[PDB]
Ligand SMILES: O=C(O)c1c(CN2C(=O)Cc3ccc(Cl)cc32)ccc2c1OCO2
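Take a look at this one chain, the form solved without the ligand, written out in structure tokens.
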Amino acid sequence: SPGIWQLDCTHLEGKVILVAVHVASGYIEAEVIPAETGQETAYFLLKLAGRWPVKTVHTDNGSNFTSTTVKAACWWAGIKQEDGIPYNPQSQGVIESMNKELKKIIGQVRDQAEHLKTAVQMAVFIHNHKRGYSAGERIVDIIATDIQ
């Protein structure tokens, strides 16, 4: 559980926002990319796994699950690649709600930045800091407990 992440791809302003969610805490990292390709997803995962102890990733779709480049990155970084099928259906709704929430925050900051990528990083900040603990606090506590 401390090492489980879920990928999530959402769209805004004709661009793609790729999100990784730490399932147990709700903590996220995100980036704007021109389109979801295997190469972009693979690079995003390499970044994520260098920053947090990523053991398992539930991939967001079958193309990324199949991608040889995504598979290469998961091999390189020691990540177990799994499907993202919500066997528990409350999983879908949780991600859906998060995408709506993230888009809301993006709208609230959009005018403070010229570029979407900046607004997305502002949204990541607000999401991870929002309080009762924050997602940032929860992920650190979960991983620290696991290390001990």
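Under this definition, the rigid core comprises the largest set of C-alpha atoms superposing within 1.5 Å between the forms. Note that residue numbering follows the sequence shown and begins at 1.
- Each structure in 4 other deposited structures of this protein is fitted to the shown form on the rigid core, and of 41 to 49 and 88 to 96 the C-alphas lie farther away on average for 88 to 96.
- According to the entry, the deposited sequence places 4 to 9 unmodelled residues between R131 and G132.
- As listed in the deposited structure, the average C-alpha B-factor of 18 to 26 and of 136 to 144 is greater for 136 to 144.
- Stretches 78 to 86 and 53 to 61 differ in mean C-alpha B factor, with the higher average recorded for 78 to 86.
- Between the residues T118, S91, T41, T68, it is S91 that shows the highest Cα B-factor in the PDB record.
- In the PDB entry, the Cα temperature factor peaks, among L46, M98, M122, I33, at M98.
- Annotation for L12: C-alpha temperature factor in the highest third relative to the rest of the modelled chain, per the entry.
Another form exists, deposited with the ligand bound; not displayed. Remarks below refer to it.
- The ligand is not shown here, but in the deposited bound form it comes within 4.5 Å of a heavy atom of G26.
- Within this chain, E101 lines the site of the ligand in the deposited bound form, having a heavy atom no more than 4.5 Å away.
- Using a 4.5 Å cut-off on any heavy atom, the one residue of 112 to 138 that reaches the ligand in the deposited bound form is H127.
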